[PDB]
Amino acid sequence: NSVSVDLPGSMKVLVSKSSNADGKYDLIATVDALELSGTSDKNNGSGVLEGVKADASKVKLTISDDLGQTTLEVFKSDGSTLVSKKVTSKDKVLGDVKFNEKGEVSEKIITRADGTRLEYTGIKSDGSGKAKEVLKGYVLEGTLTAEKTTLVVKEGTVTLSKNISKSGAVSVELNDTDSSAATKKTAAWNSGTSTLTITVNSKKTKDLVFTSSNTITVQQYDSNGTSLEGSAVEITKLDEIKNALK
């Protein structure tokens, strides 16, 4: 009979134990009560399965040859224009995409392997939109363009801008409208260490590290302004980021 194969994206497919006369394997899957079926020229669970929703929407599940990626698509009833696409890649990152009534990308939610998210909404034909980053304990809000995602935190006269380029590189900057030389914050970004160093009155006050684990840490400098003291503290709420900008 059949063998179960575990799939990325919380799905299972049943593959026939032997091939048919064309050398092909039968595939069966049930995705949220919808039965999908297909035929594959591989034996491991990869290939294409199809079904039809009760509202006549077409559904297709594509499993990459190495079982590393799954793509679950919903189309309009003639199967020609996309409604939604959910892609789990081999790093277990999830891409959740909605399309407008003409099947152009309208909304995209990226769920990282650690569960943090980038939520892109109201996406227009120039790739611009609204953006939100959902971190552990807090949320950052901003905009999207074809060039970058910019998430903004404001505290007093200080604006902190976290940039995620179209390819995923992070840069951070700080602007302060304060004109007093004694209290105005300025800042320098070190991309190599993903660290923003804040300075007040020609002395370093703190390092903000934007880590590869999608967290922010804050570490203070000593009263001189030249060396770090203590240890970095992980931000766990938006208030703590704001406090670092005071």
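In this text, the rigid core denotes the largest set of C-alpha atoms whose superposition between the two forms falls within 1.5 Å. Heads up: residue numbers just count along the shown sequence, starting at 1.
Using the rigid core as the fitting frame, the root mean square C-alpha deviation in 4 other deposited structures of this protein is greater for 170 to 178 than for the other of 143 to 151 and 170 to 178. Superposition on the core shows that, in 4 other deposited structures of this protein, the C-alpha atoms drift more in one of 128 to 136 and 67 to 75; this is 67 to 75. When the mean C-alpha temperature factors of 94 to 102 and 140 to 148 are read from the deposited coordinates, 94 to 102 comes out higher. Per-stretch averaging of Cα B factors for 177 to 185 and 217 to 225 places 177 to 185 on top. The residue among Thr159, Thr111, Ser80, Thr71 whose C-alpha carries the highest B-factor in the deposited model is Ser80. In this entry, the residue among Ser37, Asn190, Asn43, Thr62 with the greatest C-alpha B factor is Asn190.
Remark: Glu119 belongs to the lowest third of its chain, ranked by C-alpha B-factor as recorded. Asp55: CA B factor lies in the highest third for its chain, per the PDB record.
Placement of the Cα temperature factor of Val200 within the chain: highest third of the modelled residues, per the deposited record. Split the chain's modelled residues into thirds by C-alpha temperature factor. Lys85 is in the middle one. Among all modelled residues in its chain, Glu107 ranks in the middle third by Cα B-factor.
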